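A short write-up of the structure that comes next.
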Amino acid sequence: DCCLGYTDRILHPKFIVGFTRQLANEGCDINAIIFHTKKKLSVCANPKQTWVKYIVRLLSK
């Protein structure tokens, strides 16, 4: 259950209903933002990307 890398497919804000964080010091070797959909389809994203931070920002508003 660790993200081993990041999606390079588009992250569509309208389909994303929340996220979970993966930290490189809790079991897994890299940090990741895991977005998920209504369907609970999950996708690994790069925490350092501006677009990822933005969506996280949008969910928290």
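All positions are counted from 1 along the displayed chain.
The backbone N, Cα and C atoms fix where each Cβ goes, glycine too.
Taken verbatim from Swiss-Prot:
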- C2-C28: disulfide bond (DISULFID)
- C3-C44: disulfide bond (DISULFID)
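All protein chains considered, the CB of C28 (disulfide bond) has 14 other CB atoms within 10 Å.
Taken residue by residue with DSSP, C28 (disulfide bond) is part of neither helix nor strand, so it is coil.
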